[PDB]
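Residue numbers (UniProt numbering), protein chains in the order written: chain A, 99 to 147; chain B, 7 to 119, 122 to 175; chain C, 2 to 50; chain D, 14 to 257, 269 to 295; chain E, 2 to 160; chain F, 2 to 101, 114 to 217.
All C-beta atoms, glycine included, are put in the ideal place defined by N, C-alpha and C.
One structure is given below, encoded as structure tokens.
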Amino acid sequence: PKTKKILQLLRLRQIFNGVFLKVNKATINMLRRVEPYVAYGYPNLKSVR
Amino acid sequence: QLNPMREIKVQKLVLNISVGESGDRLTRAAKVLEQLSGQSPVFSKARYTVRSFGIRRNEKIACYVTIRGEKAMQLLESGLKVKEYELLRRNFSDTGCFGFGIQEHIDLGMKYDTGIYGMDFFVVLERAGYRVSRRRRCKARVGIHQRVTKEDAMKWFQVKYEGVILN
Amino acid sequence: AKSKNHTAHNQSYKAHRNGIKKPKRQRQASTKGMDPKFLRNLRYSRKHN
Amino acid sequence: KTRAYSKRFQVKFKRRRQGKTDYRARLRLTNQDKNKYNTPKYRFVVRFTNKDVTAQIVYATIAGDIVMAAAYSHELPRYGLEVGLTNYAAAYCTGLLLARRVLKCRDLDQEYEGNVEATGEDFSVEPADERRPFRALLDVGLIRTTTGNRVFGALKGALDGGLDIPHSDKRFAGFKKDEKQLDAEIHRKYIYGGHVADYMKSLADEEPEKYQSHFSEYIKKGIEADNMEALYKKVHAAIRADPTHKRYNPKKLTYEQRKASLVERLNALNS
Amino acid sequence: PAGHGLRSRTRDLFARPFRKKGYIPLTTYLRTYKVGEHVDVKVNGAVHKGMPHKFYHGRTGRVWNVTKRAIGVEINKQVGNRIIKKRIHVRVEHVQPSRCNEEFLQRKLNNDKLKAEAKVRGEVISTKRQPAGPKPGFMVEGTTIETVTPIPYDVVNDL
Amino acid sequence: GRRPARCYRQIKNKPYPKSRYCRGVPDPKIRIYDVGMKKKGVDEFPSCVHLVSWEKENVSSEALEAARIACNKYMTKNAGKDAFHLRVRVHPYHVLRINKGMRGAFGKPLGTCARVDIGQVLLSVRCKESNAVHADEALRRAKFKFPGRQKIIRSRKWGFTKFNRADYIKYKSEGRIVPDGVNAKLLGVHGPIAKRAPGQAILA
RNA sequence: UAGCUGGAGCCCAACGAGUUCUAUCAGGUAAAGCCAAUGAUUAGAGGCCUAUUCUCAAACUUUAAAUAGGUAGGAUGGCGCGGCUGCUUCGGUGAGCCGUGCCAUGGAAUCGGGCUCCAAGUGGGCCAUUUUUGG
RNA sequence: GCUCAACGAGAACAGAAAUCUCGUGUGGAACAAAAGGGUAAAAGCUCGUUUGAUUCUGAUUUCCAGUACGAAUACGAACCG
RNA sequence: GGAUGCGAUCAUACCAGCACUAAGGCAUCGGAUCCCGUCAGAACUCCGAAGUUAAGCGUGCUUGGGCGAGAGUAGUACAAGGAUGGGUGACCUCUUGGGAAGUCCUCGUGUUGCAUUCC
Ligand SMILES: [K+]
Ligand SMILES: [K+]
Ligand SMILES: [K+]
Ligand SMILES: [K+]
Ligand SMILES: [K+]
Ligand SMILES: [Mg+2]
Ligand SMILES: [Mg+2]
Ligand SMILES: [Mg+2]
Ligand SMILES: [Mg+2]
Ligand SMILES: [Mg+2]
Ligand SMILES: [Mg+2]
Ligand SMILES: [Mg+2]
Ligand SMILES: [Mg+2]
Ligand SMILES: [Mg+2]
Ligand SMILES: [Mg+2]
Ligand SMILES: [Mg+2]
Ligand SMILES: [Mg+2]
Ligand SMILES: [Mg+2]
């Protein structure tokens, strides 16, 4: 249930869905709890565009 | 130190009589202390049931009295006279107190022909300032330099009643 | 025949279907149970406004 | 003692270890109803030393007690009383002086003038129905509250001064246990020093040698047993008129002094 | 009732802290509580009047009533589907003022002062907290660098 | 007789000591824990070997006594009754229950056993360096009495103390070790200065 | 009987949230301790005592986590001026409330639309990672 | 108002335990009862006065359906110790 | 640099053993008519002011015990999440996070309010 709730606040309700997250302590500790369910990194301009 | 406050005086003298039962013996025992002090003696109850001594709980078995002033000075003088001024080294406690016994109160002077009775003499020696340990407010210990120990108490008996400590 | 005695299994899932209901925050909280002195006095002061 | 004893010992409050405060009594004296909020409970603190009488109006805060007004016996010579500064009479004078001082501070002295002549019986200043009299609670401390205790002499003085102190008459000097009532005549005698004056008469005649040594400062000041009533009567009137670094101990040693001394002692044992 | 008494399994909960028994300090007794204030509930086992049930130990709530020797405290309790705002009266010995809004109360005063300056200067500002974020770039001078290496395993020194 | 040790080998329960709540507990089989020269000075035996358990399991009082006897007998015969000190380092404090259908199955005491973990020392032998090889053989014979896996480890300490040999000798030269049986307390820099003796007071 | 569910609606759109962050409370489980109290327990050393020493505890404990628990993070706030009280105070002294004029850039992140009625079925459960009792 | 268990040193009968005295004493005692908490100018012991173990209903807590009963707590309105 | 009264915190403040203190205040101290009080003016109470700093109180010292803060123990013990991880198992690895406690060593031994008052 905790993993289900966090992935709802990140809007990741489906597999292979992608979002942009801005970095701060609040968001990073949210991501650590759903680490096994997710892959993330730092995008570049080509990726964003 | 030769401070004039550091003089040893008798704080009080306690005469104990321990009969072990209640009845005419205790009442005649109490009267002897009435004669020798002038104040009503206070009885002491038993605290345990002991078959060997034949005493039950809360039974009047003994009586005693506390004397201070010149009266206790004269009683101690007459009591120590019965010993002919011959105490023992063991008789002195290390807190500055000593005692002895009297087999028969007839040697104290009173004829009392109440009966035949002895008594336990105990005498507390103290200096001034002992009030600090007995006053209600701001209780405190009396300080080692103002305390009476065995050395002073034994010296006090030697030079006041020309008494000799036996070994 | 013996049966099961007690379990909390599925009870918290049942409690979150209509997820835990917080009472409605109302201005003017009820004065019931307040000490009757200062309650009648407040009533008298309002009456004499 | 053992180190296990020290490890598990809990120290009492500091003023309990000093034997100066009954914390059960102080709790019931200072604890205020919570629906009275920051309204303070005032105390009427009366303390006797071997030579002085201390009277204070005190209320308690977090940082410590705060005094509203204080009075002492040793300042009574400024008004006219120089001897017997710890008897029932001077206790009455101290209580009267403190009561006059507080009423001045709160602008209540004119509104509440108590008994201006030390009546000698039970008194309570009647509330004026617009401004109630100042209310304080007597705090006696560790003394034993006996009948005729000087703390009730100061209580009587504060009552005559104009303060509202919840009390009874069962402990004034003069109350009879076998009759359950107070002798206001005997009380007035104590308030004006009659019990002391009777002793002087009961000493100047039969034992003049004891009389001189006992009441020495009375004689040296020329006070006689017949001037006491006028002396205390003038003091009460006078109070109601104008009631208003070389170091000698050692300091603690420093680290560089403590260790320097230690090197010398350790070598001395070693050699 | 019904299998468990009022103070059941409170052997550690209601015990006093170590070497902290005996007298109760005067600070406990002359703290001031008003309606709307926040207080923590902490039972102490020497005071048996006004004792709250063991559930409210360690909970923070609002003051809703004040009496002579006690205060009314409002505490949330989850009972199945919902939260019930429980209202209990507790003696002052088992209650302490809460610091759960101390940082908020000072910040509100400061935000008022900061927005006051923006009024004088004519600017528009935020005074809104922001979580800790990514650090900006920076340089470190050439200094000593210590080399860290895996250590060979030793059987004897394992214990 | 009694159940085979496999029935109680694994640590499954919470500790169940003999106490006021557990009564009627038969006594342990092992009553002696030190054999050989127990009253031997700390400066005599610098050699120390250990039998270290590498498993987390129960060890019975029976298995402890059998190992003690087997370790002891080889040492006395092949090295002398005077040349060693052997110490059992585990005490059986756990009570095993036996339920002698399933209604009211809580069991009565069966026996006592020790609860041991990985790295826990089971046995210790202190001797001289000339007999250190015989010490490994007696510990090797002892390990056949225990269930599971055990290792024999050459300790770095001097005898039964907590001091390494390189530092026990360094302290001894400096005059800073007072021998109390086998314990060899290392005196320091605290306590009354008058409590020390000329040569036994050290700054820092 | 309450909970879980459907149907009927109705009332509205700042309010919230099976989450984090900032701050602040509470705890005695793991571990540890016995060279600290209670209890158990091996051994020597020096003079019953002293200083050490091996090993322990669901119904022992000074210390004491991780994970979980509670609270708060403004417009339902604040400040003046003026009133009311039969409550409170020595006292406009306080506690509140009433009226009135001003102030309050929305007070961390992320996400997002959310009062009453009537009733059904259910009230044998089972399995798995981790913790855990009896055997 | 007082301080308990226990210990140390003392006093004819009287010793391991009869009664008295001084010193130490964080509770190692006691508090009807089981166990756990709690308490030292007390909540323990001794003495003095007493009947609040009283009247009227409300509210809250524990159980909880958040019903009842039992038990408890904080007020109010009396009358008392 | 001191005190006294009433306190706050309630050992950095306690405990043990030693040493010392101007002025003042405290205190010890003298007495038992009166109030009061006991077997006992010891205590409590009342009245005093001959003597004393002996005690108390205050301050300091000790390679003191305890208490408090550090460092270290130690990224150890334990523990949240993950693995179609290793192993016969007991258990243990790695990955994303949190993170203790004795011994040992160092340092410290109070701060402070209101009123009056001494230098
Ligand atoms: K049970
Ligand atoms: K084996
Ligand atoms: K520990
Ligand atoms: K222990
Ligand atoms: K049903
Ligand atoms: Mg089944
Ligand atoms: Mg069923
Ligand atoms: Mg009292
Ligand atoms: Mg029931
Ligand atoms: Mg099991
Ligand atoms: Mg436990
Ligand atoms: Mg454990
Ligand atoms: Mg249904
Ligand atoms: Mg009990
Ligand atoms: Mg009751
Ligand atoms: Mg006298
Ligand atoms: Mg002195
Ligand atoms: Mg120290």
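When the distance is taken between beta carbons, is residue j closer than 9 Å to residue i?
i: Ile14(B); j: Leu94(B); result: no
i: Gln133(F); j: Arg90(F); result: yes
i: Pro141(A); j: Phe118(A); result: yes
i: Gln45(B); j: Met116(B); result: no
i: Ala217(D); j: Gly133(D); result: no
i: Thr107(D); j: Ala167(D); result: yes
i: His95(E); j: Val64(E); result: no
i: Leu152(F); j: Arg69(F); result: no
i: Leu19(B); j: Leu81(B); result: yes
i: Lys22(E); j: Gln23(D); result: yes
i: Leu40(D); j: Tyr34(E); result: no
i: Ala67(F); j: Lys158(F); result: yes
i: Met52(E); j: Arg17(E); result: no
i: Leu151(D); j: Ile178(D); result: yes
i: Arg4(F); j: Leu123(F); result: yes
Would you say residue i touches ligand 10, meaning its beta carbon is less than 8 Å from a heavy atom?
i: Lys121(F); result: no
i: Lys38(C); result: no
i: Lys123(A); result: no
Which of the three DSSP states, helix, strand or coil, is assigned to residue i?
i: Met81(D); result: strand
i: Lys164(F); result: strand
i: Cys146(B); result: coil
i: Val48(B); result: strand
i: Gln79(E); result: strand
i: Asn73(F); result: helix
i: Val248(D); result: helix
i: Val121(E); result: helix
Which first and last residues belong to the alpha helix (DSSP H) in which residue i is found?
i: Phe165(B); result: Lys158 to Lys168
i: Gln41(B); result: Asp30 to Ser43
i: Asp211(D); result: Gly207 to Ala217
i: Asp149(F); result: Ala145 to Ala155
Note the first and the last residue of the continuous beta strand (DSSP E) segment covering residue i.
i: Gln69(D); result: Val66 to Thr74
i: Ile108(B); result: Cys103 to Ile108
i: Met127(B); result: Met127 to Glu134
i: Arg88(F); result: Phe85 to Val89
i: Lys87(E); result: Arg83 to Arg92
Confirm the yes/no value for this check: CB of residue i, any heavy atom of ligand 2, distance under 8 Å.
i: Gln23(D); result: no
i: residue 105(F); result: Note on chain F: numbering goes from 101 to 114 directly, and residue 105(F) within that interval has no coordinates.
- [ ] Check each residue of the region 133-144 of chain E: if its Cβ is closer than 7 Å to any Cβ of chain A, include it; give the result in chain order.
- [x] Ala133, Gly134 and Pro135
TODO: Quick one: which residues of the region 96-126 of chain E get their C-beta closer than 8 Å to a C-beta of chain D? List them in chain order.
DONE: none
Task: Residues in the region 68-92 of chain E having any Cβ partner in chain D nearer than 8 Å - done: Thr68, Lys69, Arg70, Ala71 and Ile72
Task: Residues within the region 101-116 of chain B neighbouring chain D, beta-carbon criterion of under 8 Å - done: none
TODO: Give the residues from the region 13-25 of chain E that approach chain D closer than 7 Å (Cβ to any Cβ), ordered along the chain.
DONE: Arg20, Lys22, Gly23 and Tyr24
Task: Against chain E: residues of the region 111-128 of chain A by CB proximity under 7 Å - done: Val121, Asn122, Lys123 and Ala124
TODO: Name, going along the chain, the residues of the region 136-151 of chain B whose beta-carbon falls closer than 7 Å to a beta-carbon of chain D.
DONE: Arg144, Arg145, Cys146 and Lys147
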